[PDB]
Amino acid sequence: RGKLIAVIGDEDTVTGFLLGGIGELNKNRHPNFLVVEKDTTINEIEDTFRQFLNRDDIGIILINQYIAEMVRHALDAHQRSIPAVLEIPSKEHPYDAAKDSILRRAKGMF
Amino acid sequence: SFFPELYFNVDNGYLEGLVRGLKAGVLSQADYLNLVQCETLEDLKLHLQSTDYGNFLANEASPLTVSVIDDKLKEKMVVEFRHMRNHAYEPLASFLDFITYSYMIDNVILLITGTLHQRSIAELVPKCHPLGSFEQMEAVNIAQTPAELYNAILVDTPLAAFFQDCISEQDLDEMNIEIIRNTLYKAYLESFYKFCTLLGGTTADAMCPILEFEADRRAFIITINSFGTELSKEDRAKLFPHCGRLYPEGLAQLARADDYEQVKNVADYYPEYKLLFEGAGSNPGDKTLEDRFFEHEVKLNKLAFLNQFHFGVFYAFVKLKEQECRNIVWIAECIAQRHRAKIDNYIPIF
Amino acid sequence: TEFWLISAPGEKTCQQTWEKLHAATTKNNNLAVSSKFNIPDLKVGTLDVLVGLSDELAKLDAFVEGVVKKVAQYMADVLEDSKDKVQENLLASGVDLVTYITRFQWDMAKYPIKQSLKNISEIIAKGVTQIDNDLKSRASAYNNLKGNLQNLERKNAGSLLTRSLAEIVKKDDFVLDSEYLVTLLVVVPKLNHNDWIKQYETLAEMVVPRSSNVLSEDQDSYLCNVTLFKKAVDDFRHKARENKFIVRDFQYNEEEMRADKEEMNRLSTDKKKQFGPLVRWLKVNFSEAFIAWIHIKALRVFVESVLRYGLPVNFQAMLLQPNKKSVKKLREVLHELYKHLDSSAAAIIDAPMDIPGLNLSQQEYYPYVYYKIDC
Amino acid sequence: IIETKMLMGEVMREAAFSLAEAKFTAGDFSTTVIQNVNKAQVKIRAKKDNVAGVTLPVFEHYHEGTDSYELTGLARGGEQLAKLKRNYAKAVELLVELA
């Protein structure tokens, strides 16, 4: 009934959040997270992002900034609030404030 | 005295010299001070290229990653160890195989965890640590059947003797994978200690202390970590290896222990562990008991080179170079994450 | 030291118990020093209320045991330089701790006898918990100051790289108005200085030979500045490695060093500033904490005495100190004496472990009410 | 939102450095963590907030207690891995506030 948490990110970041307590294998045996290994390309990454976005129990979604950039043309289509996407930093690449999907709505943030 | 000086070099002299040559290459304290001051991972590559590692990293892509550096260091260690193993003879060969069993005991846990979660073993094999890779094909095309994997392990893997502490594939489904891992490791460590004592001579006298410390640190740390878990005292007591100097009544007072202060009380009776516990402040910002035990382990391994005619130097080299790989990985992590404040936490070797 | 509290349950009159427990016992043998504990005759609540207070003061005693001796621990840790004669540094009042305890009596001025044992224990618990938080704050502040001084020691410890070079640096040898000439400091070990007199003249293409002066001289290392052009500093940085040195740069931190000097002095004087008040506060507060401890001890004794010997109230307890190796004969004779004063028909012989349920037995049992103080 | 983003910019860095410390001691446990998933320890409940007449969805951070990664540091990881768990709990609180 309640919402889950979903993650897309490096193996290290996913390990960290899993140790935090986010992971679960659903009745279909499909995890709520994905590690972005070099074998995983842009098309599959965005397929998983879209899956998280559609599925109603996902709730809060975490994505690193570089992966979000690689996913951007789906983050622009994402225009409903509840599936809350959070673009977060990583040891792989830093976070920056500019060009965040949600922050697009802010015009007074100089 | 077993006069190993008379007959060791007949079969193991070449590797005895070669492994010490390899040890001569492990980074010195000064080398670590050089690596500490690098600005970027490319700068680290350049400063590292002057050491034994040389151009091992030059063939990788321009955007260096600490994962890539770790993989390359592990690959180098594996290559060297496999060369020595291919040139070893029966007794030394068995000793080296005992060293590899430790990594096999984690690869097997990977395999069983994948099987009980019903995943293809071909996806698990790439994640295995190369030093303990399963060459045997009986452990392939398992069809995700725990019984198939268990029979494969018993019939075509050296861990057959260690799994006899367990009795059934049902144990794989029931027992937590950590309990399985640690029971296997206890069996392996006791078998290794018995093997070393049966080798006797300088090998025994120089290697047995290292495995005794391994048993004692296993006991201490298993106990300290088990407090906030469902793990019962009665099951915990089974995990302690009986080789360490704690064995009679020390392991017993630990099995009876229910707080860190009581674990420290058990440690107080041993000067070599009292010092580690007193030095391990364990409060935020300084050394933990894990760090102190790593330092003591490094000291014990370093001592293995003071004895000449014995196999213990190969185990000491493997563990020392593993520590050096983890040191370089840590320094790279600090350089990448700009956490310079704690870059000194590497354990110096020689 | 250790002290025992024994029920002394009346026997139809106080004297026929107290005099026999004290004078007759000591004249039988000098197994223990004896005195009266002076229980207050508190107002008795309902038996159900008293059974609740049984658990309340069962747990409270173990709680105050921790708190008071934590006060003592932090007292000693603050006063580590002179913690010797610890009993005086702790003593609530008097000349000796035994002198204090052998004269204890319920103190109206702190808390009144009129109120119920519930309320009195609650206020004592308030006092003890506030003492605990006050320790956690103030002793932690002193600990942070001490750790700051240890950080200062680290700043003054190790090689010159780990140490703050600060006043060791020779300020007279540096270039001023460094818009075109820049000086550097990357020189270390002693074994490398066999021709340093030529090295600090020729290390780079255009090194200036004399203001490149040795700043410090250890047995193991020499610290030396060098001068070069705006764009030639990297050559010196690399040639230092070629000569097997390590970086020791100072980057003109003179005003920074002055501020750091002021701060280290501030910490040094802050230790003196705060140590005295902390020791005074702990000295005063241990007295109150221990008085509360013995108050809880007395209330425990009274509730258990009433339960063991229902009303009317006839419990004039004994304070006993066992003598050297006296414990065995002492408790044997005490048990033999109390056989009938407290029924031998129950307990004593053995008891299982009553884990299931709300509460379980954590104390030995005897034909009497026995409690203890671990001074 | 911006202040919480700034705070993430450092809390997540601390989390990554704690993970680095964990790997230095415990070895590479990432595969064990990725495999032993079972059921989520942390879950979210959609809670309501009100401004004028508009409804604002907000998230309750909630615990199930199903920590499958218990014992994962039994022999080596221990305190370092526990601290990693703790720091990532901090980060999860921060990020649920952000969401």
# chains A, B, ... in the order shown; residues from 1 in each chain; ligands from 1
$ interface_residues --of "chain D" --to "chain A" --cutoff "6 Å" --atoms "only C-alpha atoms" --output "ChimeraX atom specification"
/D:30,33,37-45,85,88-89,99
$ write_last_selection --atoms "N, CA and C atoms" --output "compact mmCIF listing (two decimals), in the first residue's frame"
# COMPACT_ATOMS: atom_id res chain seq x y z
N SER D 30 29.65 -4.82 -2.26
CA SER D 30 28.57 -4.27 -3.07
C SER D 30 27.74 -5.38 -3.69
N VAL D 33 25.42 -6.83 -1.09
CA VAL D 33 24.31 -5.93 -0.83
C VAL D 33 23.30 -5.98 -1.97
N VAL D 37 18.51 -8.57 -1.29
CA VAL D 37 17.58 -7.44 -1.27
C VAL D 37 16.38 -7.75 -0.39
N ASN D 38 15.68 -8.85 -0.67
CA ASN D 38 14.48 -9.23 0.06
C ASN D 38 13.48 -8.08 0.11
N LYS D 39 13.24 -7.49 1.28
CA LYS D 39 12.18 -6.51 1.45
C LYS D 39 12.74 -5.22 2.02
N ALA D 40 12.13 -4.10 1.64
CA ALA D 40 12.67 -2.78 1.96
C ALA D 40 12.50 -2.48 3.45
N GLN D 41 13.59 -2.04 4.08
CA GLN D 41 13.52 -1.62 5.48
C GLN D 41 12.80 -0.28 5.62
N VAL D 42 12.99 0.62 4.66
CA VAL D 42 12.44 1.97 4.71
C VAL D 42 11.33 2.07 3.67
N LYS D 43 10.20 2.64 4.07
CA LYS D 43 9.08 2.86 3.17
C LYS D 43 8.49 4.23 3.45
N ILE D 44 7.61 4.68 2.55
CA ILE D 44 7.09 6.04 2.56
C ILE D 44 5.57 5.99 2.60
N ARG D 45 4.97 6.92 3.34
CA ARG D 45 3.53 7.08 3.40
C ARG D 45 3.16 8.48 2.94
N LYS D 85 25.89 2.45 7.12
CA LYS D 85 24.43 2.36 7.22
C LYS D 85 23.86 3.61 7.87
N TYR D 88 24.05 6.72 5.63
CA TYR D 88 23.07 6.67 4.55
C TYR D 88 21.65 6.79 5.08
N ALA D 89 21.41 6.41 6.33
CA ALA D 89 20.13 6.75 6.95
C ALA D 89 19.97 8.26 7.07
N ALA D 99 12.33 15.47 -1.26
CA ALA D 99 11.23 15.04 -2.12
C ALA D 99 9.91 15.63 -1.66
$ interface_residues --of "chain C" --to "chain B" --cutoff "10 Å" --atoms "only C-alpha atoms" --output "MDAnalysis selection string"
chainID C and resid 241 244:247
$ atom_distance --atom1 "atom CA of residue 36 of chain A" --atom2 "atom CA of residue 40 of chain B"
23.8 Å
$ residues_around --residues "residue 295 of chain C" --least-positions-apart "6" --cutoff "10 Å" --atoms "only C-alpha atoms" --output "PDB file with N, CA, C and O atoms, in the first residue's frame"
ATOM      1  N   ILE C  39      16.329   4.958  60.094  1.00  0.00           N
ATOM      2  CA  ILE C  39      15.292   5.036  59.057  1.00  0.00           C
ATOM      3  C   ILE C  39      14.277   6.108  59.440  1.00  0.00           C
ATOM      4  O   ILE C  39      13.903   6.213  60.623  1.00  0.00           O
ATOM      5  N   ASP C  61      17.499   2.390  42.228  1.00  0.00           N
ATOM      6  CA  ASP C  61      18.786   2.191  42.885  1.00  0.00           C
ATOM      7  C   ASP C  61      19.873   1.885  41.862  1.00  0.00           C
ATOM      8  O   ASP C  61      20.969   2.456  41.914  1.00  0.00           O
ATOM      9  N   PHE C 104      24.461   8.883  58.758  1.00  0.00           N
ATOM     10  CA  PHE C 104      23.421   9.327  57.840  1.00  0.00           C
ATOM     11  C   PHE C 104      22.059   9.366  58.524  1.00  0.00           C
ATOM     12  O   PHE C 104      21.761   8.564  59.412  1.00  0.00           O
ATOM     13  N   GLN C 105      21.235  10.316  58.093  1.00  0.00           N
ATOM     14  CA  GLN C 105      19.869  10.467  58.570  1.00  0.00           C
ATOM     15  C   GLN C 105      19.053  11.141  57.478  1.00  0.00           C
ATOM     16  O   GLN C 105      19.577  11.917  56.674  1.00  0.00           O
ATOM     17  N   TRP C 106      17.759  10.837  57.457  1.00  0.00           N
ATOM     18  CA  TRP C 106      16.873  11.457  56.483  1.00  0.00           C
ATOM     19  C   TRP C 106      16.922  12.970  56.643  1.00  0.00           C
ATOM     20  O   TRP C 106      16.807  13.490  57.757  1.00  0.00           O
ATOM     21  N   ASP C 107      17.083  13.681  55.531  1.00  0.00           N
ATOM     22  CA  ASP C 107      17.278  15.132  55.554  1.00  0.00           C
ATOM     23  C   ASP C 107      15.993  15.821  55.103  1.00  0.00           C
ATOM     24  O   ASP C 107      15.638  15.792  53.923  1.00  0.00           O
ATOM     25  N   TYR C 111      14.246  17.389  51.026  1.00  0.00           N
ATOM     26  CA  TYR C 111      12.922  16.926  50.661  1.00  0.00           C
ATOM     27  C   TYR C 111      12.161  16.696  51.964  1.00  0.00           C
ATOM     28  O   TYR C 111      12.770  16.286  52.969  1.00  0.00           O
ATOM     29  N   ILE C 120       8.259  11.787  46.408  1.00  0.00           N
ATOM     30  CA  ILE C 120       9.623  12.012  46.873  1.00  0.00           C
ATOM     31  C   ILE C 120      10.610  11.329  45.931  1.00  0.00           C
ATOM     32  O   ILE C 120      11.636  11.909  45.540  1.00  0.00           O
ATOM     33  N   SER C 121      10.306  10.090  45.533  1.00  0.00           N
ATOM     34  CA  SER C 121      11.173   9.382  44.604  1.00  0.00           C
ATOM     35  C   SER C 121      11.194  10.066  43.245  1.00  0.00           C
ATOM     36  O   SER C 121      12.235  10.108  42.585  1.00  0.00           O
ATOM     37  N   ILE C 124      13.540  13.032  43.518  1.00  0.00           N
ATOM     38  CA  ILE C 124      14.923  12.560  43.564  1.00  0.00           C
ATOM     39  C   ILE C 124      15.376  12.111  42.177  1.00  0.00           C
ATOM     40  O   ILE C 124      16.512  12.377  41.756  1.00  0.00           O
ATOM     41  N   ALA C 289      24.308  14.261  44.728  1.00  0.00           N
ATOM     42  CA  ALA C 289      24.013  13.014  44.029  1.00  0.00           C
ATOM     43  C   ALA C 289      24.072  11.823  44.980  1.00  0.00           C
ATOM     44  O   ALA C 289      23.180  10.966  44.979  1.00  0.00           O
ATOM     45  N   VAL C 301      14.753   0.480  51.496  1.00  0.00           N
ATOM     46  CA  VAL C 301      14.764  -0.299  52.727  1.00  0.00           C
ATOM     47  C   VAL C 301      13.397  -0.250  53.389  1.00  0.00           C
ATOM     48  O   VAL C 301      12.873  -1.268  53.848  1.00  0.00           O
TER      49      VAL C 301
END
$ atom_distance --atom1 "atom CA of residue 13 of chain C" --atom2 "atom CA of residue 57 of chain C"
27.5 Å
$ select_by_dssp --residues "segment 108-177 of chain B" --states "alpha helix (DSSP H)" --output "PyMOL selection string"
chain B and resi 108-116+121-124+146-156+160-163+169-174+177
$ write_last_selection --atoms "N, CA and C atoms" --output "tab-separated table (two decimals), in the first residue's frame"
chain	number	residue	atom	x	y	z
B	108	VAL	N	32.06	-18.95	-3.38
B	108	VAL	CA	31.02	-19.94	-3.18
B	108	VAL	C	29.80	-19.30	-2.54
B	109	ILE	N	30.01	-18.37	-1.61
B	109	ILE	CA	28.87	-17.66	-1.04
B	109	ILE	C	28.17	-16.85	-2.11
B	110	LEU	N	28.92	-16.19	-2.99
B	110	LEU	CA	28.29	-15.53	-4.13
B	110	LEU	C	27.42	-16.51	-4.91
B	111	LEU	N	27.97	-17.69	-5.20
B	111	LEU	CA	27.24	-18.67	-6.01
B	111	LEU	C	25.95	-19.11	-5.32
B	112	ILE	N	26.03	-19.45	-4.04
B	112	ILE	CA	24.83	-19.94	-3.36
B	112	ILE	C	23.82	-18.82	-3.20
B	113	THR	N	24.27	-17.59	-2.94
B	113	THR	CA	23.33	-16.49	-2.84
B	113	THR	C	22.62	-16.27	-4.17
B	114	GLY	N	23.36	-16.35	-5.28
B	114	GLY	CA	22.73	-16.25	-6.58
B	114	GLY	C	21.76	-17.38	-6.85
B	115	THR	N	22.11	-18.60	-6.45
B	115	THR	CA	21.25	-19.75	-6.72
B	115	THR	C	19.96	-19.69	-5.90
B	116	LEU	N	20.08	-19.44	-4.60
B	116	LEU	CA	18.89	-19.33	-3.77
B	116	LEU	C	18.01	-18.18	-4.21
B	121	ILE	N	24.25	-18.63	-13.12
B	121	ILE	CA	25.60	-18.66	-12.57
B	121	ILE	C	26.58	-17.95	-13.50
B	122	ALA	N	26.23	-17.83	-14.79
B	122	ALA	CA	27.09	-17.10	-15.71
B	122	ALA	C	27.16	-15.62	-15.36
B	123	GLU	N	26.10	-15.07	-14.76
B	123	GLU	CA	26.15	-13.70	-14.27
B	123	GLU	C	26.97	-13.56	-13.00
B	124	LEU	N	27.08	-14.63	-12.21
B	124	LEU	CA	27.85	-14.59	-10.98
B	124	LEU	C	29.34	-14.76	-11.22
B	146	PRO	N	19.74	-25.32	-6.09
B	146	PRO	CA	20.67	-25.40	-4.96
B	146	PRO	C	21.25	-26.79	-4.76
B	147	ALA	N	20.46	-27.83	-4.98
B	147	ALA	CA	20.99	-29.18	-4.86
B	147	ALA	C	22.09	-29.43	-5.88
B	148	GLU	N	21.89	-28.98	-7.12
B	148	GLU	CA	22.92	-29.13	-8.14
B	148	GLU	C	24.19	-28.40	-7.74
B	149	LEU	N	24.07	-27.16	-7.27
B	149	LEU	CA	25.26	-26.41	-6.89
B	149	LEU	C	25.97	-27.08	-5.71
B	150	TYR	N	25.20	-27.54	-4.73
B	150	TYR	CA	25.79	-28.17	-3.55
B	150	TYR	C	26.53	-29.45	-3.91
B	151	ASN	N	25.92	-30.28	-4.76
B	151	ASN	CA	26.61	-31.49	-5.21
B	151	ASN	C	27.83	-31.14	-6.04
B	152	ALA	N	27.75	-30.08	-6.85
B	152	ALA	CA	28.92	-29.66	-7.61
B	152	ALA	C	30.06	-29.26	-6.69
B	153	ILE	N	29.74	-28.52	-5.62
B	153	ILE	CA	30.77	-28.10	-4.68
B	153	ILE	C	31.38	-29.31	-3.98
B	154	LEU	N	30.54	-30.25	-3.56
B	154	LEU	CA	31.07	-31.42	-2.85
B	154	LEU	C	31.90	-32.31	-3.77
B	155	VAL	N	31.53	-32.39	-5.05
B	155	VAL	CA	32.16	-33.38	-5.92
B	155	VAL	C	33.35	-32.81	-6.67
B	156	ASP	N	33.38	-31.49	-6.89
B	156	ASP	CA	34.39	-30.91	-7.78
B	156	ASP	C	34.96	-29.60	-7.25
B	160	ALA	N	34.86	-29.10	-0.46
B	160	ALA	CA	34.08	-30.26	-0.05
B	160	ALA	C	34.33	-30.60	1.41
B	161	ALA	N	35.59	-30.58	1.83
B	161	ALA	CA	35.92	-30.91	3.21
B	161	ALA	C	35.43	-29.86	4.19
B	162	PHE	N	35.35	-28.59	3.78
B	162	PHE	CA	34.88	-27.55	4.69
B	162	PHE	C	33.36	-27.56	4.82
B	163	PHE	N	32.65	-27.89	3.74
B	163	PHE	CA	31.20	-27.98	3.81
B	163	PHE	C	30.71	-29.12	4.69
B	169	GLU	N	22.11	-29.57	1.66
B	169	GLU	CA	21.72	-28.41	0.87
B	169	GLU	C	20.63	-27.62	1.58
B	170	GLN	N	19.83	-28.29	2.42
B	170	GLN	CA	18.83	-27.58	3.20
B	170	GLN	C	19.47	-26.56	4.12
B	171	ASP	N	20.70	-26.82	4.58
B	171	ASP	CA	21.42	-25.83	5.36
B	171	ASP	C	21.66	-24.56	4.56
B	172	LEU	N	21.90	-24.69	3.26
B	172	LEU	CA	22.08	-23.50	2.42
B	172	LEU	C	20.83	-22.63	2.43
B	173	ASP	N	19.65	-23.25	2.31
B	173	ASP	CA	18.42	-22.48	2.31
B	173	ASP	C	18.14	-21.90	3.70
B	174	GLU	N	18.45	-22.65	4.75
B	174	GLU	CA	18.08	-22.21	6.10
B	174	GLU	C	19.04	-21.16	6.64
B	177	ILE	N	23.53	-16.47	4.94
B	177	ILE	CA	24.73	-16.64	4.14
B	177	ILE	C	25.96	-16.20	4.91
$ closest_residue --among "B:117, B:310, B:127, B:218" --to "chain A" --atoms "only C-alpha atoms"
B:117
$ residues_around --residues "residue 8 of chain D" --least-positions-apart "5" --cutoff "10 Å" --atoms "only C-alpha atoms" --output "PyMOL selection string"
(chain A and resi 88-89+95) or (chain D and resi 2-3+13-15+91+94-95+98)
$ select_by_dssp --residues "segment 55-211 of chain C" --states "strand (DSSP E)" --output "compact mmCIF listing (two decimals) with C-alpha atoms, in the first residue's frame"
# COMPACT_ATOMS: atom_id res chain seq x y z
CA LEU C 181 60.39 36.35 -7.81
CA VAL C 182 58.99 33.49 -5.72
CA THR C 183 60.50 31.26 -3.03
CA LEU C 184 59.84 27.59 -2.31
$ atom_distance --atom1 "atom CA of residue 320 of chain C" --atom2 "atom CA of residue 36 of chain C"
8.5 Å
$ decode --residues "segment 225-258 of chain B" --atoms "N, CA and C atoms" --output "PDB file, in the first residue's frame"
ATOM      1  N   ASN B 225      30.541  -7.381  16.686  1.00  0.00           N
ATOM      2  CA  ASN B 225      29.524  -7.074  15.692  1.00  0.00           C
ATOM      3  C   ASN B 225      28.210  -7.796  15.945  1.00  0.00           C
ATOM      4  N   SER B 226      28.225  -8.906  16.688  1.00  0.00           N
ATOM      5  CA  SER B 226      27.017  -9.707  16.833  1.00  0.00           C
ATOM      6  C   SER B 226      26.003  -9.115  17.806  1.00  0.00           C
ATOM      7  N   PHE B 227      26.359  -8.068  18.553  1.00  0.00           N
ATOM      8  CA  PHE B 227      25.477  -7.599  19.619  1.00  0.00           C
ATOM      9  C   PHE B 227      24.122  -7.158  19.082  1.00  0.00           C
ATOM     10  N   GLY B 228      24.115  -6.347  18.029  1.00  0.00           N
ATOM     11  CA  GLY B 228      22.876  -5.778  17.532  1.00  0.00           C
ATOM     12  C   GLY B 228      22.220  -6.618  16.459  1.00  0.00           C
ATOM     13  N   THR B 229      22.253  -7.939  16.622  1.00  0.00           N
ATOM     14  CA  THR B 229      21.717  -8.843  15.618  1.00  0.00           C
ATOM     15  C   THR B 229      20.953  -9.971  16.295  1.00  0.00           C
ATOM     16  N   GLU B 230      20.174 -10.689  15.488  1.00  0.00           N
ATOM     17  CA  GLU B 230      19.459 -11.861  15.970  1.00  0.00           C
ATOM     18  C   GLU B 230      20.392 -13.004  16.337  1.00  0.00           C
ATOM     19  N   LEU B 231      21.658 -12.939  15.936  1.00  0.00           N
ATOM     20  CA  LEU B 231      22.574 -14.052  16.140  1.00  0.00           C
ATOM     21  C   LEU B 231      22.669 -14.380  17.624  1.00  0.00           C
ATOM     22  N   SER B 232      22.388 -15.632  17.968  1.00  0.00           N
ATOM     23  CA  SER B 232      22.404 -16.063  19.355  1.00  0.00           C
ATOM     24  C   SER B 232      23.827 -16.333  19.817  1.00  0.00           C
ATOM     25  N   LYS B 233      24.019 -16.332  21.136  1.00  0.00           N
ATOM     26  CA  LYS B 233      25.322 -16.686  21.686  1.00  0.00           C
ATOM     27  C   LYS B 233      25.693 -18.115  21.331  1.00  0.00           C
ATOM     28  N   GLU B 234      24.716 -19.022  21.381  1.00  0.00           N
ATOM     29  CA  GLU B 234      25.001 -20.429  21.137  1.00  0.00           C
ATOM     30  C   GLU B 234      25.469 -20.670  19.709  1.00  0.00           C
ATOM     31  N   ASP B 235      24.935 -19.923  18.744  1.00  0.00           N
ATOM     32  CA  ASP B 235      25.396 -20.033  17.367  1.00  0.00           C
ATOM     33  C   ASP B 235      26.671 -19.237  17.134  1.00  0.00           C
ATOM     34  N   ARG B 236      26.810 -18.102  17.817  1.00  0.00           N
ATOM     35  CA  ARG B 236      28.025 -17.307  17.722  1.00  0.00           C
ATOM     36  C   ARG B 236      29.241 -18.103  18.160  1.00  0.00           C
ATOM     37  N   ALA B 237      29.126 -18.828  19.270  1.00  0.00           N
ATOM     38  CA  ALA B 237      30.261 -19.589  19.769  1.00  0.00           C
ATOM     39  C   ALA B 237      30.782 -20.574  18.738  1.00  0.00           C
ATOM     40  N   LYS B 238      29.930 -21.040  17.826  1.00  0.00           N
ATOM     41  CA  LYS B 238      30.401 -21.972  16.812  1.00  0.00           C
ATOM     42  C   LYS B 238      31.310 -21.289  15.799  1.00  0.00           C
ATOM     43  N   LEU B 239      31.174 -19.976  15.623  1.00  0.00           N
ATOM     44  CA  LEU B 239      31.942 -19.289  14.592  1.00  0.00           C
ATOM     45  C   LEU B 239      33.394 -19.071  14.994  1.00  0.00           C
ATOM     46  N   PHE B 240      33.684 -18.997  16.284  1.00  0.00           N
ATOM     47  CA  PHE B 240      35.044 -18.746  16.735  1.00  0.00           C
ATOM     48  C   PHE B 240      35.971 -19.862  16.270  1.00  0.00           C
ATOM     49  N   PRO B 241      37.056 -19.562  15.554  1.00  0.00           N
ATOM     50  CA  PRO B 241      38.068 -20.595  15.294  1.00  0.00           C
ATOM     51  C   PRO B 241      38.849 -20.904  16.563  1.00  0.00           C
ATOM     52  N   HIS B 242      39.125 -22.185  16.780  1.00  0.00           N
ATOM     53  CA  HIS B 242      39.762 -22.642  18.007  1.00  0.00           C
ATOM     54  C   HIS B 242      41.280 -22.637  17.933  1.00  0.00           C
ATOM     55  N   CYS B 243      41.869 -21.969  16.942  1.00  0.00           N
ATOM     56  CA  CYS B 243      43.324 -21.945  16.834  1.00  0.00           C
ATOM     57  C   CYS B 243      43.934 -20.849  17.695  1.00  0.00           C
ATOM     58  N   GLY B 244      43.254 -19.718  17.814  1.00  0.00           N
ATOM     59  CA  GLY B 244      43.839 -18.562  18.457  1.00  0.00           C
ATOM     60  C   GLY B 244      44.224 -18.828  19.898  1.00  0.00           C
ATOM     61  N   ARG B 245      45.050 -17.925  20.425  1.00  0.00           N
ATOM     62  CA  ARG B 245      45.500 -18.044  21.804  1.00  0.00           C
ATOM     63  C   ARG B 245      44.364 -17.880  22.801  1.00  0.00           C
ATOM     64  N   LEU B 246      43.204 -17.393  22.360  1.00  0.00           N
ATOM     65  CA  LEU B 246      42.053 -17.275  23.242  1.00  0.00           C
ATOM     66  C   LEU B 246      41.375 -18.610  23.513  1.00  0.00           C
ATOM     67  N   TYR B 247      41.777 -19.682  22.826  1.00  0.00           N
ATOM     68  CA  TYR B 247      40.898 -20.822  22.581  1.00  0.00           C
ATOM     69  C   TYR B 247      40.243 -21.356  23.858  1.00  0.00           C
ATOM     70  N   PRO B 248      40.974 -21.836  24.864  1.00  0.00           N
ATOM     71  CA  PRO B 248      40.295 -22.250  26.097  1.00  0.00           C
ATOM     72  C   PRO B 248      39.891 -21.050  26.934  1.00  0.00           C
ATOM     73  N   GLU B 249      38.597 -20.957  27.213  1.00  0.00           N
ATOM     74  CA  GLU B 249      38.070 -20.041  28.219  1.00  0.00           C
ATOM     75  C   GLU B 249      38.133 -18.584  27.788  1.00  0.00           C
ATOM     76  N   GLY B 250      38.946 -18.259  26.787  1.00  0.00           N
ATOM     77  CA  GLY B 250      38.866 -16.928  26.212  1.00  0.00           C
ATOM     78  C   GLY B 250      37.692 -16.826  25.266  1.00  0.00           C
ATOM     79  N   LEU B 251      37.609 -17.772  24.335  1.00  0.00           N
ATOM     80  CA  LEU B 251      36.426 -17.885  23.500  1.00  0.00           C
ATOM     81  C   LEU B 251      35.192 -18.137  24.354  1.00  0.00           C
ATOM     82  N   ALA B 252      35.359 -18.804  25.497  1.00  0.00           N
ATOM     83  CA  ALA B 252      34.216 -19.050  26.370  1.00  0.00           C
ATOM     84  C   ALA B 252      33.724 -17.761  27.010  1.00  0.00           C
ATOM     85  N   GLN B 253      34.638 -16.957  27.551  1.00  0.00           N
ATOM     86  CA  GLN B 253      34.234 -15.684  28.120  1.00  0.00           C
ATOM     87  C   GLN B 253      33.700 -14.740  27.056  1.00  0.00           C
ATOM     88  N   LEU B 254      34.126 -14.900  25.801  1.00  0.00           N
ATOM     89  CA  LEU B 254      33.519 -14.122  24.727  1.00  0.00           C
ATOM     90  C   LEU B 254      32.105 -14.601  24.425  1.00  0.00           C
ATOM     91  N   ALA B 255      31.907 -15.914  24.312  1.00  0.00           N
ATOM     92  CA  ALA B 255      30.559 -16.434  24.124  1.00  0.00           C
ATOM     93  C   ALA B 255      29.648 -15.995  25.257  1.00  0.00           C
ATOM     94  N   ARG B 256      30.197 -15.848  26.457  1.00  0.00           N
ATOM     95  CA  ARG B 256      29.437 -15.311  27.576  1.00  0.00           C
ATOM     96  C   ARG B 256      29.332 -13.793  27.528  1.00  0.00           C
ATOM     97  N   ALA B 257      30.168 -13.137  26.732  1.00  0.00           N
ATOM     98  CA  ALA B 257      30.196 -11.682  26.689  1.00  0.00           C
ATOM     99  C   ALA B 257      28.931 -11.123  26.056  1.00  0.00           C
ATOM    100  N   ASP B 258      28.480  -9.990  26.599  1.00  0.00           N
ATOM    101  CA  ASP B 258      27.292  -9.319  26.090  1.00  0.00           C
ATOM    102  C   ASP B 258      27.487  -7.815  25.938  1.00  0.00           C
TER     103      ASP B 258
END
